[PDB]
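> Would you mind keeping the following structure in view while I ask a few things?
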Amino acid sequence: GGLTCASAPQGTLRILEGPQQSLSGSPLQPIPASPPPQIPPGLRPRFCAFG
Amino acid sequence: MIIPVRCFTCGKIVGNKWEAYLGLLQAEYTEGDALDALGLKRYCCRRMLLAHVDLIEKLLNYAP
Ligand SMILES: [Zn+2]
């Protein structure tokens, strides 16, 4: 009436919960790159010679 | 701290164009047009007002 060893298991199942990968879009930056410093339009000379 | 009285390079007197400069900037004028309308021709004078930091207004805020 006691507990005895039974037949060895024939296989093992290991369960884990996993989600999946999306598409590669690689959206690097809101406003991207190093935007260049640049000329103010027209500007004009702010200096003249004497005479 | 407070506006220099005379430009350091050529002793042109710029200590009376501080309030006029502030008034022309409140009216919508660029710093270039503003410095022109004040008579600051050579850039040695223009840097004297363009790059002035008025720290007398921040010291004049702690108790007497
Ligand atoms: Zn000067």
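Simple scheme: letters A, B, ... for chains in structure tokens order, numbers from 1 for residues in each chain, numbers from 1 for ligands in the order shown.
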Go through the chains and note each residue within 9 Å of ligand 1, using only C-alpha atoms and all ligand atoms, then give the set as a tab-separated table (two decimals) with N, CA and C atoms, in the first residue's frame.

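Result file is pocket.tsv:
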chain	number	residue	atom	x	y	z
B	6	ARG	N	32.86	103.71	-21.64
B	6	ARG	CA	33.59	103.96	-22.89
B	6	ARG	C	34.00	102.61	-23.46
B	7	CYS	N	33.96	102.41	-24.77
B	7	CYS	CA	34.45	101.18	-25.42
B	7	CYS	C	35.93	101.03	-25.11
B	8	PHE	N	36.39	99.84	-24.79
B	8	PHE	CA	37.77	99.60	-24.37
B	8	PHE	C	38.75	99.86	-25.51
B	9	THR	N	38.45	99.50	-26.75
B	9	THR	CA	39.42	99.62	-27.85
B	9	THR	C	39.55	101.09	-28.25
B	10	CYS	N	38.51	101.74	-28.76
B	10	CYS	CA	38.50	103.19	-29.09
B	10	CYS	C	37.62	103.76	-28.03
B	11	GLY	N	38.01	104.78	-27.32
B	11	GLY	CA	37.20	105.22	-26.17
B	11	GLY	C	35.90	105.84	-26.55
B	12	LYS	N	35.22	105.32	-27.55
B	12	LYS	CA	33.89	105.83	-27.83
B	12	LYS	C	32.98	105.56	-26.64
B	13	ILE	N	32.13	106.52	-26.33
B	13	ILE	CA	31.25	106.44	-25.17
B	13	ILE	C	30.00	105.65	-25.54
B	14	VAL	N	29.84	104.48	-24.94
B	14	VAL	CA	28.69	103.61	-25.17
B	14	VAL	C	27.82	103.47	-23.93
B	40	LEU	N	26.97	102.67	-33.76
B	40	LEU	CA	28.11	101.81	-33.46
B	40	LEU	C	28.57	101.18	-34.77
B	41	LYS	N	29.53	101.83	-35.44
B	41	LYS	CA	29.94	101.40	-36.77
B	41	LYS	C	30.97	100.27	-36.71
B	42	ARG	N	32.10	100.51	-36.06
B	42	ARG	CA	33.17	99.53	-36.03
B	42	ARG	C	32.89	98.46	-34.99
B	43	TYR	N	33.23	97.21	-35.33
B	43	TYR	CA	32.77	96.07	-34.54
B	43	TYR	C	33.35	96.06	-33.13
B	44	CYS	N	34.41	96.82	-32.87
B	44	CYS	CA	34.90	96.91	-31.50
B	44	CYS	C	33.86	97.52	-30.58
B	45	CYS	N	33.11	98.51	-31.07
B	45	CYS	CA	32.02	99.09	-30.28
B	45	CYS	C	30.81	98.17	-30.26
B	46	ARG	N	30.53	97.52	-31.39
B	46	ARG	CA	29.36	96.65	-31.48
B	46	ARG	C	29.45	95.49	-30.50
B	47	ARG	N	30.65	94.95	-30.28
B	47	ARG	CA	30.79	93.89	-29.29
B	47	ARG	C	30.59	94.39	-27.87
B	48	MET	N	30.74	95.70	-27.64
B	48	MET	CA	30.64	96.22	-26.29
B	48	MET	C	29.21	96.19	-25.77
> Once you count only C-alpha atoms, what closest atom pair and distance in Å to one decimal does each residue of chain A within 9 Å of chain B have, with rows by chain and rising residue number, as a tab-separated table?

residue	atom	partner	partner_atom	distance
A:46	CA	B:41	CA	7.2
A:47	CA	B:41	CA	5.7
A:48	CA	B:41	CA	7.7
> Which residues are close to residue 1 (chain B), i.e. within 7 Å by only C-alpha atoms, leaving aside same-chain residues fewer than 3 positions away? Reply as a ChimeraX atom specification.
/B:53-56
